[PDB]
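Chemist: If you scroll down you'll find the structure; I have some questions about it.
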Amino acid sequence: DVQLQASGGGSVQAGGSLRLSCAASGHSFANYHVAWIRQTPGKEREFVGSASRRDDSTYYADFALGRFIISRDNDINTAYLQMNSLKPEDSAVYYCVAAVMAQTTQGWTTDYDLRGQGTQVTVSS
Amino acid sequence: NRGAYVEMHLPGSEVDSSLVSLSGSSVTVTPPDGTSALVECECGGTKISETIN
């Protein structure tokens, strides 16, 4: 089955940096919009950022601008989320979503063409 | 007037390339005088917006 595995999280002090990776087993990311969704305990899943290979475009949320970077290396069918300047509000579990266009990126995506297991990041003040 | 008749329907959404314009680095939409418009796309996520003059 086409499954996405998220990794690269952990507990880091505020103001540092981390790098998360989403890898697909069963199919490549050659024709897949990659979107990062964040879920803090006690609230609803919130959009973080999305990237597109077809047009080489990157979307970032209001909090994500100037701090988060998204890159893709189709050679090893992985998507990377390099982010810096940790803040206490960034403690959550992150999932990666892969979709074949289908106009799935409207605000709240809430489509999940491919759902994968997430990873937890903790932020210590 | 006779018994012949032809129906009239509502107009379609007409596209206009000249309406959109460039700022220093950005996209600008300036609807004509007394006109409402709809702006769409997926450059990142989806955005369907309506502008009223």
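Each chain in the structure tokens gets a letter, A, B and so on, in the order shown; residues start at 1 in every chain, and ligands are counted from 1 in the order they appear.
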Got a sec: who's within 9 Å of segment 71-79 of chain A, counting only C-alpha atoms, leaving out chain neighbours fewer than 2 positions off, as a list in words?

Modeler: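 The residues that qualify are residues 20, 21, 22, 23, 24, 25, 27, 28, 29, 30, 34, 51, 53, 69, 81, 82 and 96 of chain A.
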
Chemist: As a PyMOL selection string, please: every residue in chain B that a backbone DSSP assignment puts in strand (DSSP E).

Modeler: chain B and resi 20-22+27-29+36-41+47-52

Chemist: Would you write out those residues with C-alpha atoms, as a CSV table (one decimal), in the first residue's frame?

Modeler:
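Dumped to again-v5.csv:
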```csv
chain,number,residue,atom,x,y,z
B,20,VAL,CA,-5.4,41.9,-14.1
B,21,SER,CA,-2.3,44.0,-13.8
B,22,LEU,CA,1.2,44.1,-12.1
B,27,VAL,CA,-1.0,40.9,-8.7
B,28,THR,CA,-3.6,43.7,-8.8
B,29,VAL,CA,-7.3,43.6,-9.8
B,36,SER,CA,-18.2,43.3,-9.6
B,37,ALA,CA,-15.7,40.5,-10.4
B,38,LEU,CA,-14.6,37.1,-9.3
B,39,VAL,CA,-10.9,36.1,-9.0
B,40,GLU,CA,-9.8,32.5,-8.9
B,41,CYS,CA,-6.8,30.2,-8.6
B,47,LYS,CA,-8.6,31.0,-3.6
B,48,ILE,CA,-12.0,32.0,-5.0
B,49,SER,CA,-12.7,35.7,-4.1
B,50,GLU,CA,-15.3,38.3,-5.1
B,51,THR,CA,-14.5,42.0,-5.4
B,52,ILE,CA,-17.2,44.7,-5.5
```

Chemist: How far is it from atom CA of residue 45 of chain B to atom CA of residue 106 of chain A, in Å with one decimal?

Modeler: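 So the two atoms, atom CA of residue 45 of chain B and atom CA of residue 106 of chain A, lie 5.3 Å apart.
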
Chemist: What residues in chain A have any atom no more than 10 Å from chain B when counting only C-alpha atoms, and can you write them as a PDB file with N, CA and C atoms, in the first residue's frame?

Modeler:
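File produced: part.pdb:
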```pdb
ATOM      1  N   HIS A  33       1.172  16.921  -5.029  1.00  0.00           N
ATOM      2  CA  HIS A  33       1.308  18.085  -4.165  1.00  0.00           C
ATOM      3  C   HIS A  33       1.512  17.633  -2.726  1.00  0.00           C
ATOM      4  N   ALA A  35       1.685  18.593   1.217  1.00  0.00           N
ATOM      5  CA  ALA A  35       1.166  19.562   2.170  1.00  0.00           C
ATOM      6  C   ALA A  35       1.461  19.096   3.587  1.00  0.00           C
ATOM      7  N   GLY A  49       2.058  24.438   5.394  1.00  0.00           N
ATOM      8  CA  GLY A  49       2.599  24.843   4.109  1.00  0.00           C
ATOM      9  C   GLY A  49       2.427  23.744   3.087  1.00  0.00           C
ATOM     10  N   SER A  50       2.528  24.139   1.819  1.00  0.00           N
ATOM     11  CA  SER A  50       2.382  23.211   0.708  1.00  0.00           C
ATOM     12  C   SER A  50       3.392  23.563  -0.373  1.00  0.00           C
ATOM     13  N   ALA A  51       3.796  22.548  -1.135  1.00  0.00           N
ATOM     14  CA  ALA A  51       4.718  22.709  -2.250  1.00  0.00           C
ATOM     15  C   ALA A  51       4.195  21.936  -3.451  1.00  0.00           C
ATOM     16  N   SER A  52       4.559  22.405  -4.643  1.00  0.00           N
ATOM     17  CA  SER A  52       4.074  21.841  -5.897  1.00  0.00           C
ATOM     18  C   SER A  52       5.232  21.733  -6.877  1.00  0.00           C
ATOM     19  N   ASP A  55       4.408  23.427 -10.895  1.00  0.00           N
ATOM     20  CA  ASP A  55       4.652  24.848 -11.117  1.00  0.00           C
ATOM     21  C   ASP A  55       5.754  25.411 -10.230  1.00  0.00           C
ATOM     22  N   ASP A  56       6.352  24.595  -9.359  1.00  0.00           N
ATOM     23  CA  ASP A  56       7.426  25.042  -8.470  1.00  0.00           C
ATOM     24  C   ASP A  56       6.956  26.209  -7.602  1.00  0.00           C
ATOM     25  N   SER A  57       5.810  26.029  -6.952  1.00  0.00           N
ATOM     26  CA  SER A  57       5.213  27.031  -6.083  1.00  0.00           C
ATOM     27  C   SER A  57       5.181  26.522  -4.647  1.00  0.00           C
ATOM     28  N   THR A  58       5.269  27.458  -3.702  1.00  0.00           N
ATOM     29  CA  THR A  58       5.265  27.141  -2.278  1.00  0.00           C
ATOM     30  C   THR A  58       4.298  28.078  -1.570  1.00  0.00           C
ATOM     31  N   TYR A  59       3.393  27.505  -0.781  1.00  0.00           N
ATOM     32  CA  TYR A  59       2.429  28.257   0.011  1.00  0.00           C
ATOM     33  C   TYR A  59       2.802  28.134   1.482  1.00  0.00           C
ATOM     34  N   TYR A  60       2.808  29.263   2.190  1.00  0.00           N
ATOM     35  CA  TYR A  60       3.129  29.304   3.609  1.00  0.00           C
ATOM     36  C   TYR A  60       2.050  30.072   4.356  1.00  0.00           C
ATOM     37  N   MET A 101      -3.218  16.822  -7.648  1.00  0.00           N
ATOM     38  CA  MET A 101      -3.961  18.032  -7.992  1.00  0.00           C
ATOM     39  C   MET A 101      -5.377  17.963  -7.415  1.00  0.00           C
ATOM     40  N   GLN A 103      -7.575  19.946  -7.094  1.00  0.00           N
ATOM     41  CA  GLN A 103      -7.949  21.155  -6.358  1.00  0.00           C
ATOM     42  C   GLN A 103      -8.168  20.865  -4.874  1.00  0.00           C
ATOM     43  N   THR A 104      -7.308  20.025  -4.295  1.00  0.00           N
ATOM     44  CA  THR A 104      -7.480  19.601  -2.909  1.00  0.00           C
ATOM     45  C   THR A 104      -6.930  20.599  -1.899  1.00  0.00           C
ATOM     46  N   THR A 105      -6.224  21.641  -2.343  1.00  0.00           N
ATOM     47  CA  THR A 105      -5.516  22.544  -1.446  1.00  0.00           C
ATOM     48  C   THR A 105      -6.326  23.789  -1.095  1.00  0.00           C
ATOM     49  N   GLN A 106      -7.654  23.685  -1.027  1.00  0.00           N
ATOM     50  CA  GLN A 106      -8.489  24.847  -0.732  1.00  0.00           C
ATOM     51  C   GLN A 106      -8.534  25.063   0.778  1.00  0.00           C
ATOM     52  N   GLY A 107      -7.840  26.106   1.244  1.00  0.00           N
ATOM     53  CA  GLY A 107      -7.820  26.466   2.651  1.00  0.00           C
ATOM     54  C   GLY A 107      -7.545  25.279   3.547  1.00  0.00           C
ATOM     55  N   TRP A 108      -8.564  24.871   4.298  1.00  0.00           N
ATOM     56  CA  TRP A 108      -8.545  23.581   4.972  1.00  0.00           C
ATOM     57  C   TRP A 108      -8.567  22.479   3.917  1.00  0.00           C
ATOM     58  N   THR A 109      -7.462  21.742   3.783  1.00  0.00           N
ATOM     59  CA  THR A 109      -7.400  20.700   2.761  1.00  0.00           C
ATOM     60  C   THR A 109      -8.465  19.639   3.012  1.00  0.00           C
TER      61      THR A 109
END
```

Chemist: Which residues are near residue 13 of chain A? Cut-off 8 Å, only C-alpha atoms, ignore same chain within fewer than 5 positions. Put them as JSON, numbers by chain.

Modeler: {"A": [86, 123, 124, 125]}

Chemist: Write the residues of the selection above to a file with N, CA and C atoms, as an mmCIF file, in the first residue's frame.

Modeler:
```
data_model
loop_
_atom_site.group_PDB
_atom_site.id
_atom_site.type_symbol
_atom_site.label_atom_id
_atom_site.label_comp_id
_atom_site.auth_asym_id
_atom_site.auth_seq_id
_atom_site.Cartn_x
_atom_site.Cartn_y
_atom_site.Cartn_z
ATOM 1 N N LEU A 86 12.526 28.138 16.791
ATOM 2 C CA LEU A 86 11.449 27.470 17.509
ATOM 3 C C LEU A 86 10.753 28.426 18.471
ATOM 4 N N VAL A 123 8.540 21.638 22.188
ATOM 5 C CA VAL A 123 9.295 22.881 22.279
ATOM 6 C C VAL A 123 9.389 23.249 23.753
ATOM 7 N N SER A 124 10.615 23.423 24.241
ATOM 8 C CA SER A 124 10.873 23.789 25.628
ATOM 9 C C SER A 124 11.298 25.251 25.680
ATOM 10 N N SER A 125 10.596 26.041 26.488
ATOM 11 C CA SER A 125 10.897 27.461 26.621
ATOM 12 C C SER A 125 12.261 27.666 27.273
#
```
